[PDB]
Number of protein chains: 2
Amino acid sequence: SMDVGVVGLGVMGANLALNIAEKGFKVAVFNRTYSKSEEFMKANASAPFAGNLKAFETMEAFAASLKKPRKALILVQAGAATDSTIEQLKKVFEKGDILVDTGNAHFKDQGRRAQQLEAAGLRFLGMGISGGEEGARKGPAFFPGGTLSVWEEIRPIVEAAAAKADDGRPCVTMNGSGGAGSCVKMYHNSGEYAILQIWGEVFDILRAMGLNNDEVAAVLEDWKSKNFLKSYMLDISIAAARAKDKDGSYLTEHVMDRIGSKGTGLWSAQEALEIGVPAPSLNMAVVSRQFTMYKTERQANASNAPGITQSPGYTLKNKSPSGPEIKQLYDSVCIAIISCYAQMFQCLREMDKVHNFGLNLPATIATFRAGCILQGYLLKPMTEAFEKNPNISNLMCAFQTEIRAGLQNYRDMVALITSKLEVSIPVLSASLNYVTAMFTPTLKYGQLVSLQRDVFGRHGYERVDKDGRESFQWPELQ
Amino acid sequence: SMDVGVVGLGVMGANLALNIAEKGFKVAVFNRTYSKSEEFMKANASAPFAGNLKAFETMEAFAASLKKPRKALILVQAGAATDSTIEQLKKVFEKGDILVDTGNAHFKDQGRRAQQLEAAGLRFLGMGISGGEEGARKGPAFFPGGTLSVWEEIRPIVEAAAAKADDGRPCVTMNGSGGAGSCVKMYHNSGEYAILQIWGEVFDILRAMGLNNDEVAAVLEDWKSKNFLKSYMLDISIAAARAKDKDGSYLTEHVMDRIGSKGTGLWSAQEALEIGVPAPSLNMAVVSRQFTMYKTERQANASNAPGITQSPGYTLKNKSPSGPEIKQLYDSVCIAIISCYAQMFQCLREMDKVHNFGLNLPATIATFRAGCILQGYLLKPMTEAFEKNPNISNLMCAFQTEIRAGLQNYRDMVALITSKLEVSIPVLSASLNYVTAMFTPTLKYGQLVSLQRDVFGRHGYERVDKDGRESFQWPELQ
């Protein structure tokens with residue numbers, strides 16, 4: 001009798017299964033195209049734990065092997081296929097069993113699937129998984145939401161396969177009801193986008209300033225040694241920059257500049273907008289990708305107006321990590337990244353208030369420390385900040401010191417990049433605005449726009465001295 | 001019999017009624033609280049066209065008086081209010097009649113309504129209207145869409161009431177089917193958001209640079225005479241700036257910095273994101289308002305980190321429009337505004353192909369020339385530009401000259417404001433990135449990010465030299 005069943009042998013599904021197999025649990029496996037199951041069993045025939053790997057043919061056979069209550073991690077990356085798979089399962093399953101969708105769809109869909117199901121007798125759980133291929137095999141992070149009782153049943157299996165933080169804690173924790181887990185995964189992917197784009201801009205900026213791919217890597221490597229930015233994403237950027245083609249040249253130069261995406265980012269942007277929390281970096285991260293996808297249009301515009309974007313340029317006198325400007329960039333990045341995290345958490349906090357998940361923010365953040373793509377040093381003090389005072393106005397307050405120290409440098413660096421370089425910095429730019437705007441008591445432009453709306457729409461405006469709305473009597477303008 | 005009916009007497013309802021009856025048509029009126037109709041016919045009983053106005057009892061009556069096919073213009077608040085009203089009408093009308101919704105619905109709802117109604121034997125028309133209270137009376141712009149059949153039946157009343165642009169052409173045209181008209185209005189409101197914000201930013205910047213409310217007015221005033229920026233919104237900004245409170249001080253100083261919104265801008269942002277078209281200025285326009293609504297949080301953040309946004313500052317030598325700095329700020333705005341319109345139009349271009357509206361852009365953009373909020377000089381050359389080459393890659397090229405000339409000024413100003421001023425410039429900033437990004441053939445950050453996605457997710461990447469997708473082999477990182 002199998003302890004758990006894993007549905008869908010993808011990048012994640014197969015690695016995850018192994019991980020759980022190696023942890024000692026007997027796992028029934030199942031794929032759409034049985035053939036793949038074969039190839040799978042093949043490449044892993046020799047593993048020392050291949051005895052815990054039972055492959056199957058028919059759902060109905062697969063379902064009987066699992067110890068009641070069955071437990072099935074649906075690892076089929078889809079939207080539709082996930083619903084299709086849920087139907088197959090739902091039929092061959094019995095009252096009480098569990099269906100865990102580790103899927104990657106809108107938290108709103110999870111609220112649906114769950115609700116139908118409980119009324120149909122089966123128990124559901126929407127759970128996120130971050131770590132990628134390696135993370136899946138070695139130990140990712142999970143972000144569950146759903147029935148409180150369902151968690152306790154599954155806890156042993158996931159706590160064992162989760163990555164362990166520097167404090168022995170497994171990076172998994174019940175985040176709250178319904179789609180709470182899928183929401184956290186969504187916003188996680190949201191911050192991921194903003195951060196990857198930040199590194200990407202750094203690359204573009206340094207290249208513009210005269211550094212070649214190797215010299216860039218040395219500054220990333222220096223920044224890694226300074227510790228504050230130590231992160232997975234930083235590591236992969238270094239790999240990405242040093243990478244070389246078969247012909248011995250930098251890979252990056254042969255890469256078509258069009259960034260694909262699969263939606264998590266897009267939705268987080270739309271919901272942030274929906275509920276109304278300001279998250280400029282999260283949006284511009286998606287917009288920045290949209291920029292690339294329009295390769296054809298950009299090429300046409302260029303032809304129509306040759307070198308219109310031309311600037312004076314700025315070639316670096318000191319291409320070494322200790323150079324004055326490179327230190328200016330460093331601070332920029334540190335703050336920029338901090339604001340990305342800030343916005344990400346503010347969205348989550350607000351999302352809890354609105355959907356009432358009963359989210360335990362400091363418990364959730366703690367599970368970001370390893371396995372997931374967002375892992376890195378900064379997660380330590382951020383976890384502590386939210387542990388120390390859970391009702392903090394905003395995450396940036398906790399870093400008031402760091403921020404004061406580099407804010408001017410942040411301002412100078414983008415001022416210089418803007419006037420002198422021929423590079424677009426969507427995210428680095430939006431992030432600075434987030435910082436300046438969020439620490440400003442009175443935004444004057446809000447006074448003007450507020451009045452304007454009254455001029456044509458007669459919407460009225462709030463006053464700082466009275467109460468209620470006031471509407472001004474305006475002269476005709478046509 | 002009656003020429004046409006109007007339901008709902010908001011700021012828009014009443015005025016449009018008078019607009020229409022003044023033009024020679026008999027207009028049946030209805031409303032929920034018959035009191036409101038009483039108050040309407042009340043205040044307007046002396047008008048030389050009152051005999052072309054008739055307040056009604058019930059829909060039985062209202063629908064009774066109208067020349068068949070009944071044509072009704074619903075003018076109530078969007079949402080459930082509209083839904084109800086259409087249902088009441090539905091009972092009291094007959095095969096062939098026409099329901100013209102004109103109250104700001106998300107273009108997807110209109111397309112649905114169209115079908116509902118079309119399967120029930122009635123005709124529907126989603127028809128946006130813009131111009132505000134004054135414009136509603138003097139003649140605004142209309143953005144209709146749905147069945148062509150209805151259009152030619154309504155063309156007289158809407159043409160006669162709409163504003164006429166220079167060439168004497170009225171600001172109305174059939175925009176396409178279904179929700180094509182509401183879509184145009186949605187994006188019209190989206191450009192409006194961005195541009196209002198740009199003026200608001202100008203106010204903030206000059207105030208920061210030392211100008212008092214009356215001195216900025218003089219700058220705008222000079223900008224108007226330069227003609228290129230002549231626009232409605234410019235005019236109202238001037239009024240807004242000049243306005244004084246009963247205590248004889250500037251109104252803006254007593255205004256609560258919180259910008260309300262009603263959705264159209266929000267959705268335009270979400271759909272632009274959805275179809276994937278890059279509209280950074282349209283997106284940040286909504287965010288900038290979000291920034292203001294978080295007044296409480298901003299106030300708290302400021303208390304926990306006093307003087308954190310403290311900057312060098314920059315006071316101007318001459319507060320006269322002849323000031324060199326004021327001159328570059330001018331180029332900045334010109335260019336900023338041009339990209340706003342550009343983004344707006346690209347959104348519609350793609351919207352049309354995805355949703356197959358059969359929209360004729362040059363006809364559509366021509367109806368924006370007068371009556372609507374976005375009206376101004378620029379709409380003239382822009383209209384020409386699209387009549388000249390309908391499949392021009394991006395409107396920005398048609399303005400290559402002006403861009404080439406002011407681009408560095410635009411960069412230097414933004415650089416200056418970023419470095420020295422204690423103000424946030426969300427949209428002036430995003431718009432500059434839109435310009436630099438859209439004219440750049442190769443965005444290098446796209447190369448890094450592209451590869452990054454491969455590292456962890458094994459998503460592969462497109463090559464500029466091979467064709468298809470490739471995936472590299474990477475070192476373990478954990």
# chains A, B, ... in the order shown; residues from 1 in each chain; ligands from 1
>>> residues_around(residues="segment 294-304 of chain A", least_positions_apart="6", cutoff="7 Å", atoms="only C-alpha atoms", output="VMD selection string")
(chain A and resid 258) or (chain B and resid 393 to 394 397 438 to 441)
>>> interface_residues(of="chain B", to="chain A", cutoff="6 Å", atoms="only C-alpha atoms", output="MDAnalysis selection string")
chainID B and resid 132 200:201 204 252 254:259 270 276 278 287 290:291 298:299 301:302 308 404 411:412 415 418:419 424 433 436:441 444:450 456:457 462:464
>>> write_last_selection(atoms="N, CA and C atoms", output="compact mmCIF listing (two decimals), in the first residue's frame")
# COMPACT_ATOMS: atom_id res chain seq x y z
N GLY B 132 -17.85 65.64 -19.73
CA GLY B 132 -18.24 66.15 -18.43
C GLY B 132 -19.57 66.86 -18.52
N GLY B 200 -0.43 67.06 -12.92
CA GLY B 200 -0.26 67.03 -11.48
C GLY B 200 1.22 66.98 -11.11
N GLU B 201 1.99 66.18 -11.83
CA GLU B 201 3.41 66.09 -11.56
C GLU B 201 4.05 67.44 -11.82
N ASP B 204 3.57 69.64 -8.83
CA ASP B 204 4.47 69.21 -7.76
C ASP B 204 5.92 69.70 -7.98
N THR B 252 -5.78 74.39 -3.39
CA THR B 252 -4.97 73.18 -3.35
C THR B 252 -4.40 72.88 -1.98
N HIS B 254 -5.74 73.24 0.82
CA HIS B 254 -6.74 72.72 1.75
C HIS B 254 -7.29 71.40 1.24
N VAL B 255 -6.73 70.90 0.14
CA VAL B 255 -7.21 69.67 -0.47
C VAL B 255 -6.54 68.39 0.01
N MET B 256 -7.39 67.48 0.49
CA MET B 256 -6.99 66.18 0.98
C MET B 256 -6.40 65.38 -0.18
N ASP B 257 -5.12 65.04 -0.09
CA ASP B 257 -4.44 64.30 -1.16
C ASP B 257 -4.79 62.82 -1.29
N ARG B 258 -6.01 62.58 -1.77
CA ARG B 258 -6.54 61.24 -2.03
C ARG B 258 -7.33 61.30 -3.33
N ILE B 259 -6.83 60.67 -4.39
CA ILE B 259 -7.58 60.69 -5.66
C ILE B 259 -8.54 59.51 -5.81
N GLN B 270 -5.73 46.60 -16.57
CA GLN B 270 -5.79 45.15 -16.48
C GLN B 270 -5.91 44.43 -17.81
N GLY B 276 -1.27 41.73 -23.20
CA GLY B 276 0.18 41.78 -23.33
C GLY B 276 0.83 42.99 -23.95
N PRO B 278 2.44 46.62 -24.00
CA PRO B 278 3.18 47.50 -23.09
C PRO B 278 2.59 48.91 -22.98
N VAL B 287 -1.52 53.39 -10.54
CA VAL B 287 -0.71 53.25 -9.34
C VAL B 287 -0.50 54.58 -8.61
N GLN B 290 -3.15 55.10 -6.51
CA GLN B 290 -3.08 54.17 -5.38
C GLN B 290 -2.15 54.71 -4.30
N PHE B 291 -1.04 55.27 -4.74
CA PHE B 291 -0.12 55.87 -3.80
C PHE B 291 -0.90 56.87 -2.89
N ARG B 298 1.21 56.20 4.56
CA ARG B 298 2.27 57.14 4.23
C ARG B 298 2.61 58.00 5.41
N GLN B 299 1.58 58.41 6.14
CA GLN B 299 1.76 59.26 7.32
C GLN B 299 2.51 58.53 8.45
N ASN B 301 4.55 55.78 8.00
CA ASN B 301 5.89 55.51 7.49
C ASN B 301 6.75 56.71 7.76
N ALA B 302 6.20 57.88 7.48
CA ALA B 302 6.92 59.11 7.68
C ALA B 302 7.29 59.33 9.17
N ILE B 308 13.53 61.03 6.04
CA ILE B 308 14.24 60.02 5.28
C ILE B 308 14.39 60.37 3.80
N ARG B 404 13.33 63.70 -31.36
CA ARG B 404 14.76 63.85 -31.53
C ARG B 404 15.29 65.11 -30.87
N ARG B 411 15.53 63.78 -20.73
CA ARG B 411 16.42 62.99 -19.87
C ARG B 411 17.05 63.86 -18.76
N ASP B 412 17.61 65.01 -19.13
CA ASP B 412 18.27 65.85 -18.14
C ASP B 412 17.34 66.34 -17.04
N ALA B 415 16.54 63.53 -14.80
CA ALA B 415 17.76 63.27 -14.04
C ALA B 415 17.84 64.27 -12.89
N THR B 418 15.17 63.75 -10.17
CA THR B 418 15.42 62.55 -9.40
C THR B 418 16.48 62.79 -8.35
N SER B 419 17.57 63.42 -8.76
CA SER B 419 18.71 63.72 -7.90
C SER B 419 18.49 64.74 -6.79
N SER B 424 7.90 62.58 -6.15
CA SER B 424 7.71 61.37 -6.92
C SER B 424 7.15 61.75 -8.27
N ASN B 433 10.69 55.81 -20.11
CA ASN B 433 11.17 54.45 -20.33
C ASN B 433 10.45 53.84 -21.52
N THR B 436 12.40 55.20 -24.67
CA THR B 436 13.70 54.58 -24.88
C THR B 436 13.56 53.11 -25.18
N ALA B 437 12.67 52.42 -24.46
CA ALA B 437 12.52 50.99 -24.68
C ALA B 437 11.96 50.62 -26.04
N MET B 438 10.92 51.33 -26.47
CA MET B 438 10.29 51.03 -27.76
C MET B 438 11.10 51.30 -29.03
N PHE B 439 12.15 52.11 -28.92
CA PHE B 439 12.98 52.39 -30.09
C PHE B 439 14.28 51.58 -30.07
N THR B 440 14.44 50.73 -29.06
CA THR B 440 15.65 49.94 -28.91
C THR B 440 15.43 48.57 -29.50
N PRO B 441 16.21 48.20 -30.54
CA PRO B 441 16.12 46.91 -31.23
C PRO B 441 16.50 45.73 -30.33
N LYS B 444 19.25 44.27 -23.88
CA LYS B 444 20.19 43.31 -23.29
C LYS B 444 19.67 42.65 -22.01
N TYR B 445 18.88 43.37 -21.22
CA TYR B 445 18.36 42.77 -20.00
C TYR B 445 17.49 41.55 -20.36
N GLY B 446 16.97 41.56 -21.58
CA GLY B 446 16.13 40.48 -22.07
C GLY B 446 16.95 39.23 -22.28
N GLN B 447 18.23 39.41 -22.56
CA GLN B 447 19.13 38.27 -22.78
C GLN B 447 19.42 37.57 -21.46
N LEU B 448 19.75 38.35 -20.43
CA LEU B 448 20.04 37.78 -19.13
C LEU B 448 18.83 37.07 -18.54
N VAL B 449 17.73 37.80 -18.45
CA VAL B 449 16.49 37.26 -17.88
C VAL B 449 16.04 35.99 -18.59
N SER B 450 16.17 36.00 -19.90
CA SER B 450 15.81 34.88 -20.74
C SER B 450 16.58 33.64 -20.30
N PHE B 456 16.70 27.80 -13.66
CA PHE B 456 15.85 27.11 -12.70
C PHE B 456 14.61 26.38 -13.22
N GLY B 457 13.97 26.96 -14.24
CA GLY B 457 12.76 26.37 -14.74
C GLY B 457 12.93 25.55 -15.98
N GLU B 462 14.92 31.43 -26.90
CA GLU B 462 15.05 31.55 -28.34
C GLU B 462 16.43 32.15 -28.66
N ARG B 463 17.01 31.69 -29.75
CA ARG B 463 18.31 32.17 -30.18
C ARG B 463 18.09 33.18 -31.29
N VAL B 464 19.02 34.12 -31.44
CA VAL B 464 18.92 35.07 -32.54
C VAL B 464 19.57 34.44 -33.76
>>> residues_around(residues="segment 185-190 of chain A", least_positions_apart="5", cutoff="9 Å", atoms="only C-alpha atoms", output="count of residues only")
30
>>> atom_distance(atom1="atom CA of residue 91 of chain A", atom2="atom CA of residue 78 of chain A")
19.8 Å
>>> closest_atom_pairs(of="segment 227-310 of chain A", to="segment 314-336 of chain A", cutoff="10 Å", atoms="only C-alpha atoms", output="tab-separated table")
residue	atom	partner	partner_atom	distance
A:228	CA	A:334	CA	7.8
A:229	CA	A:334	CA	6.9
A:281	CA	A:336	CA	8.8
>>> write_last_selection(atoms="C-alpha atoms", output="tab-separated table (two decimals), in the first residue's frame")
chain	number	residue	atom	x	y	z
A	228	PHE	CA	23.61	41.40	2.09
A	229	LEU	CA	22.52	40.40	-1.41
A	281	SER	CA	7.79	47.32	-9.16
>>> residues_around(residues="residue 87 of chain B", least_positions_apart="4", cutoff="12 Å", atoms="only C-alpha atoms", output="PDB file with C-alpha atoms, in the first residue's frame")
ATOM      1  CA  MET B  59     -42.053  52.675 -18.082  1.00  0.00           C
ATOM      2  CA  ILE B  74     -29.890  54.549 -20.292  1.00  0.00           C
ATOM      3  CA  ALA B  80     -26.388  46.439 -10.947  1.00  0.00           C
ATOM      4  CA  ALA B  81     -28.243  49.697 -11.461  1.00  0.00           C
ATOM      5  CA  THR B  82     -27.958  49.337 -15.225  1.00  0.00           C
ATOM      6  CA  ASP B  83     -28.728  45.632 -15.102  1.00  0.00           C
ATOM      7  CA  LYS B  91     -40.754  43.983 -20.386  1.00  0.00           C
ATOM      8  CA  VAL B  92     -42.220  47.225 -21.674  1.00  0.00           C
ATOM      9  CA  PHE B  93     -40.563  47.087 -25.171  1.00  0.00           C
ATOM     10  CA  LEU B  99     -31.494  49.980 -25.858  1.00  0.00           C
ATOM     11  CA  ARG B 113     -25.658  42.138 -23.029  1.00  0.00           C
ATOM     12  CA  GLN B 116     -28.589  38.356 -24.414  1.00  0.00           C
ATOM     13  CA  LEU B 117     -30.723  41.071 -25.971  1.00  0.00           C
ATOM     14  CA  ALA B 120     -34.400  38.196 -27.230  1.00  0.00           C
ATOM     15  CA  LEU B 122     -34.075  43.709 -29.250  1.00  0.00           C
TER      16      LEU B 122
END
>>> select_by_dssp(residues="segment 217-294 of chain B", states="strand (DSSP E or B)", output="PyMOL selection string")
chain B and resi 231+244+250+255
>>> write_last_selection(atoms="N, CA and C atoms", output="tab-separated table (two decimals), in the first residue's frame")
chain	number	residue	atom	x	y	z
B	231	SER	N	-4.92	72.28	-24.85
B	231	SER	CA	-5.86	71.23	-24.51
B	231	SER	C	-6.79	71.58	-23.35
B	244	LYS	N	-9.01	79.85	-5.52
B	244	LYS	CA	-8.78	80.32	-4.15
B	244	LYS	C	-9.95	80.03	-3.24
B	250	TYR	N	-4.83	79.69	-1.60
B	250	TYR	CA	-4.98	78.71	-2.68
B	250	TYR	C	-5.72	77.47	-2.22
B	255	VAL	N	-6.73	70.90	0.14
B	255	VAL	CA	-7.21	69.67	-0.47
B	255	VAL	C	-6.54	68.39	0.01
>>> residues_around(residues="residue 379 of chain A", least_positions_apart="4", cutoff="7 Å", atoms="only C-alpha atoms", output="ChimeraX atom specification")
/A:368-369,375,383
>>> residues_around(residues="residue 216 of chain B", least_positions_apart="4", cutoff="7 Å", atoms="only C-alpha atoms", output="NGL selection string")
:B and (203 or 206 or 211-212 or 220)
>>> write_last_selection(atoms="C-alpha atoms", output="mmCIF file, in the first residue's frame")
data_model
loop_
_atom_site.group_PDB
_atom_site.id
_atom_site.type_symbol
_atom_site.label_atom_id
_atom_site.label_comp_id
_atom_site.auth_asym_id
_atom_site.auth_seq_id
_atom_site.Cartn_x
_atom_site.Cartn_y
_atom_site.Cartn_z
ATOM 1 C CA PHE B 203 2.473 71.183 -10.361
ATOM 2 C CA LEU B 206 7.447 73.542 -9.905
ATOM 3 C CA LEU B 211 7.064 78.579 -7.700
ATOM 4 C CA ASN B 212 3.882 79.573 -5.951
ATOM 5 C CA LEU B 220 1.077 76.703 -18.175
#
>>> residues_around(residues="residue 387 of chain A", least_positions_apart="5", cutoff="12 Å", atoms="only C-alpha atoms", output="short mmCIF file (atom, residue, chain, number, x, y, z; two decimals) with C-alpha atoms, in the first residue's frame")
data_model
loop_
_atom_site.label_atom_id
_atom_site.label_comp_id
_atom_site.auth_asym_id
_atom_site.auth_seq_id
_atom_site.Cartn_x
_atom_site.Cartn_y
_atom_site.Cartn_z
CA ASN A 360 0.10 34.34 9.82
CA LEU A 361 2.60 36.59 8.04
CA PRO A 362 5.69 35.95 10.15
CA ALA A 363 5.13 32.16 9.88
CA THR A 364 4.74 32.38 6.10
CA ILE A 365 7.84 34.53 5.48
CA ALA A 366 9.96 32.19 7.56
CA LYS A 380 16.45 36.54 7.82
CA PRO A 381 16.02 40.11 9.03
CA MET A 382 12.69 40.41 7.25
CA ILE A 392 4.45 47.32 11.14
CA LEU A 395 8.50 46.60 5.70
CA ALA A 398 12.57 48.12 9.46
#
>>> atom_distance(atom1="atom CA of residue 79 of chain A", atom2="atom CA of residue 163 of chain A")
26.7 Å
>>> closest_residue(among="B:108, B:140, B:72, B:35", to="residue 165 of chain B", atoms="only C-alpha atoms")
B:140
>>> atom_distance(atom1="atom CA of residue 162 of chain A", atom2="atom CA of residue 224 of chain A")
25.3 Å
>>> decode(residues="segment 27-48 of chain B", atoms="N, CA and C atoms", output="PDB file, in the first residue's frame")
ATOM      1  N   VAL B  27     -38.218  64.683 -26.367  1.00  0.00           N
ATOM      2  CA  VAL B  27     -37.517  63.802 -25.446  1.00  0.00           C
ATOM      3  C   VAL B  27     -38.309  63.357 -24.227  1.00  0.00           C
ATOM      4  N   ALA B  28     -38.626  62.062 -24.163  1.00  0.00           N
ATOM      5  CA  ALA B  28     -39.356  61.482 -23.031  1.00  0.00           C
ATOM      6  C   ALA B  28     -38.333  61.261 -21.914  1.00  0.00           C
ATOM      7  N   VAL B  29     -38.703  61.575 -20.677  1.00  0.00           N
ATOM      8  CA  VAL B  29     -37.797  61.438 -19.537  1.00  0.00           C
ATOM      9  C   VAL B  29     -38.326  60.473 -18.464  1.00  0.00           C
ATOM     10  N   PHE B  30     -37.448  59.726 -17.801  1.00  0.00           N
ATOM     11  CA  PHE B  30     -37.861  58.834 -16.737  1.00  0.00           C
ATOM     12  C   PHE B  30     -36.784  58.814 -15.694  1.00  0.00           C
ATOM     13  N   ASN B  31     -37.159  58.309 -14.525  1.00  0.00           N
ATOM     14  CA  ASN B  31     -36.276  58.184 -13.381  1.00  0.00           C
ATOM     15  C   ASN B  31     -36.970  57.381 -12.290  1.00  0.00           C
ATOM     16  N   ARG B  32     -36.155  56.841 -11.385  1.00  0.00           N
ATOM     17  CA  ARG B  32     -36.586  56.073 -10.199  1.00  0.00           C
ATOM     18  C   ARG B  32     -37.538  56.947  -9.321  1.00  0.00           C
ATOM     19  N   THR B  33     -36.949  57.902  -8.593  1.00  0.00           N
ATOM     20  CA  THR B  33     -37.700  58.822  -7.748  1.00  0.00           C
ATOM     21  C   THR B  33     -38.325  59.829  -8.698  1.00  0.00           C
ATOM     22  N   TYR B  34     -39.621  59.723  -8.922  1.00  0.00           N
ATOM     23  CA  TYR B  34     -40.279  60.677  -9.797  1.00  0.00           C
ATOM     24  C   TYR B  34     -40.015  62.119  -9.308  1.00  0.00           C
ATOM     25  N   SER B  35     -39.591  62.271  -8.055  1.00  0.00           N
ATOM     26  CA  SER B  35     -39.303  63.590  -7.496  1.00  0.00           C
ATOM     27  C   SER B  35     -38.274  64.292  -8.369  1.00  0.00           C
ATOM     28  N   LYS B  36     -37.191  63.572  -8.652  1.00  0.00           N
ATOM     29  CA  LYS B  36     -36.073  64.060  -9.461  1.00  0.00           C
ATOM     30  C   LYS B  36     -36.477  64.584 -10.846  1.00  0.00           C
ATOM     31  N   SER B  37     -37.427  63.911 -11.503  1.00  0.00           N
ATOM     32  CA  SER B  37     -37.927  64.369 -12.799  1.00  0.00           C
ATOM     33  C   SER B  37     -38.693  65.686 -12.553  1.00  0.00           C
ATOM     34  N   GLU B  38     -39.455  65.729 -11.459  1.00  0.00           N
ATOM     35  CA  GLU B  38     -40.217  66.922 -11.093  1.00  0.00           C
ATOM     36  C   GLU B  38     -39.261  68.107 -11.004  1.00  0.00           C
ATOM     37  N   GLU B  39     -38.180  67.910 -10.251  1.00  0.00           N
ATOM     38  CA  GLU B  39     -37.141  68.907 -10.037  1.00  0.00           C
ATOM     39  C   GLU B  39     -36.458  69.299 -11.355  1.00  0.00           C
ATOM     40  N   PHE B  40     -36.411  68.357 -12.295  1.00  0.00           N
ATOM     41  CA  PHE B  40     -35.822  68.593 -13.612  1.00  0.00           C
ATOM     42  C   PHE B  40     -36.751  69.525 -14.386  1.00  0.00           C
ATOM     43  N   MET B  41     -37.927  69.037 -14.767  1.00  0.00           N
ATOM     44  CA  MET B  41     -38.895  69.854 -15.491  1.00  0.00           C
ATOM     45  C   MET B  41     -39.126  71.172 -14.710  1.00  0.00           C
ATOM     46  N   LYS B  42     -38.967  71.101 -13.390  1.00  0.00           N
ATOM     47  CA  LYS B  42     -39.094  72.246 -12.503  1.00  0.00           C
ATOM     48  C   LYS B  42     -38.149  73.358 -12.986  1.00  0.00           C
ATOM     49  N   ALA B  43     -36.862  73.206 -12.671  1.00  0.00           N
ATOM     50  CA  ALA B  43     -35.840  74.179 -13.015  1.00  0.00           C
ATOM     51  C   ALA B  43     -35.758  74.555 -14.494  1.00  0.00           C
ATOM     52  N   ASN B  44     -36.152  73.650 -15.385  1.00  0.00           N
ATOM     53  CA  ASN B  44     -36.069  73.924 -16.818  1.00  0.00           C
ATOM     54  C   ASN B  44     -37.383  74.195 -17.528  1.00  0.00           C
ATOM     55  N   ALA B  45     -38.424  74.567 -16.783  1.00  0.00           N
ATOM     56  CA  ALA B  45     -39.740  74.820 -17.388  1.00  0.00           C
ATOM     57  C   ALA B  45     -39.871  76.067 -18.269  1.00  0.00           C
ATOM     58  N   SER B  46     -38.956  77.029 -18.121  1.00  0.00           N
ATOM     59  CA  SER B  46     -38.997  78.258 -18.933  1.00  0.00           C
ATOM     60  C   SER B  46     -38.213  78.157 -20.255  1.00  0.00           C
ATOM     61  N   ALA B  47     -37.278  77.204 -20.335  1.00  0.00           N
ATOM     62  CA  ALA B  47     -36.443  76.981 -21.515  1.00  0.00           C
ATOM     63  C   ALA B  47     -37.268  76.969 -22.803  1.00  0.00           C
ATOM     64  N   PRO B  48     -36.830  77.713 -23.816  1.00  0.00           N
ATOM     65  CA  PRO B  48     -37.529  77.790 -25.110  1.00  0.00           C
ATOM     66  C   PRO B  48     -37.777  76.468 -25.848  1.00  0.00           C
TER      67      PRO B  48
END
